[PDB]
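Enquirer: requesting a structural model of the entry that follows:
(one chain, ligands or ions: 1)
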Amino acid sequence: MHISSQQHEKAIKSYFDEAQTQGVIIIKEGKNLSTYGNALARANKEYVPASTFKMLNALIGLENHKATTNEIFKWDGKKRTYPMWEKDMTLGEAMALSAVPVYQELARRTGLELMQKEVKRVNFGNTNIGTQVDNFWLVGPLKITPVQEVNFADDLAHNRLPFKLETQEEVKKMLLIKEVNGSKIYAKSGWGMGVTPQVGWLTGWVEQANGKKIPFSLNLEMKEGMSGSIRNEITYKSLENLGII
Ligand SMILES: *C(=O)[C@@H]([C@@H]1N=C(C(=O)O)[C@@H](S[C@@H]2CN[C@H](CNS(N)(=O)=O)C2)[C@@H]1C)[C@@H](C)O
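Expert: Numbers count the residues shown, from 1 in each chain. Please find the structure below.
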């Protein structure tokens, strides 16, 4: 192409600078990792996965028959942080709304012993879930780097995780968040509010019209004041700058 790598790096860094945060976005083309943003050293640092863990929670629950894709988890009628959570939903709907109460129910059905075994089996992050089955992805001890998240997304996009093909396909259908002139973006967002500083994620992949999958993981510091949509806006501007969408 004609745009210098200096120009691309400067543009993407500026997206993070303009949002007044510190962050990175890692892109993988084939086996090659590229790191962009205004805080590149974040790439190999560990953070809690927060709601990004719902991807793996869903795979484990479906694989081990703790839920089906059409099962409706009923709202128990207790007040929730967000009104959109106060309703009955499938795993797929709960994935789109990041409804942690539904995924806490799923984690409790899986149980600590099986959860620890499966997280170990998948080799996810530091693989440490500790003794509380319903919050380990939110406040620790489970942590993962942006590099590990992009490689997770790569494995899921390519059906390479150690679950049935059908399990992987059912979860990937839950993750479609955007369609852009023939490209589809699959991703899960994360906003870890139970740690300091607070971490923001958007981890996923672009499926281009020709079938090629380009995984990415954005990771940044969320600060009170910020809108969740900054995660998507930075990601889309970055993939667009590089010509991926
Ligand atoms: C996951 O990381 C946390 C969860 N993820 C969120 C996200 O934005 O990534 C939020 S909740 C999400 C934003 N608002 C939607 C509901 N809308 S409404 N109109 O307010 O009912 C859902 C949240 C912090 C999770 C671990 O808590």
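
Enquirer: residue 142 against residue 128, yeah?
Expert: Yes - if you go by Cβ atoms under 8 Å, residue 142 and residue 128 touch, sitting 5.9 Å apart. Heads up, the C-betas are built off the backbone N, CA and C, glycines and all.

Enquirer: who has more neighbours, these two?
Expert: Neighbours were counted for residue 142 and for residue 128 using other Cβ atoms under 10 Å; residue 142 has more, 23 against 14.

Enquirer: returning to what we had before: what do residue 142 and residue 128 both touch?
Expert: Residues touching both residue 142 and residue 128 (Cβ atoms under 8 Å, 6 or more residues apart in numbering) are residue 136.

Enquirer: and residue 177, helix, strand or coil?
Expert: Following DSSP: H, G, I helix; E, B strand; the rest coil, we place residue 177 in the strand state.

Enquirer: again with residue 141
Expert: With three-state DSSP as the basis, residue 141 sits in coil.

Enquirer: tell me the contacts of it?
Expert: For residue 141, the contacting residues are 126, 128-130, by Cβ under 8 Å, 6+ apart.

Enquirer: quick one: name the residues of the chain near the ligand.
Expert: Selection of the chain residues close to the ligand by Cβ under 6 Å from any ligand atom yields 50-51, 82-84, 97-98, 100, 138, 189-193, 228.

Enquirer: recalculate using a threshold of 5 Å.
Expert: 50-51, 82-84, 97-98, 100, 189-191, 228 (Cβ under 5 Å from any ligand atom).

Enquirer: so which of the residues you listed is the most crowded?
Expert: Top of these by neighbour count (other Cβ under 10 Å): residue 190, with 28 neighbours.

Enquirer: in this structure that one contacts residue 204, no?
Expert: No - here residue 190 does not reach residue 204: they are 11.1 Å apart, not a contact under Cβ under 8 Å.

Enquirer: just the strands in the protein please.
Expert: 23-29, 32-37, 176-180, 183-192, 198-207, 213-222 (DSSP state E).

Enquirer: residue 8: which of these is closest?
Expert: strand 32-37 (7.4 Å; Cβ to Cβ).

Enquirer: now do that closest one: everything it contacts.
Expert: Applying Cβ under 8 Å, 6+ apart, the contact partners of strand 32-37 are 8-9, 12-13, 15-16, 23-28, 43, 147, 150, 218, 220, 238.

Enquirer: neighbours of the nearest residue to residue 114 once chain neighbours are set aside, just the number please.
Expert: Leaving aside its sequence neighbours, residue 114 sits nearest to residue 64 (Cβ to Cβ, 6 or more residues apart in numbering; 6.3 Å). Residues near residue 64, counting by other Cβ under 10 Å, number 17.

Enquirer: go on, residue 209?
Expert: 9.

Enquirer: repeat for residue 213
Expert: Using other Cβ under 10 Å: residue 213 sits among 18 other residues.
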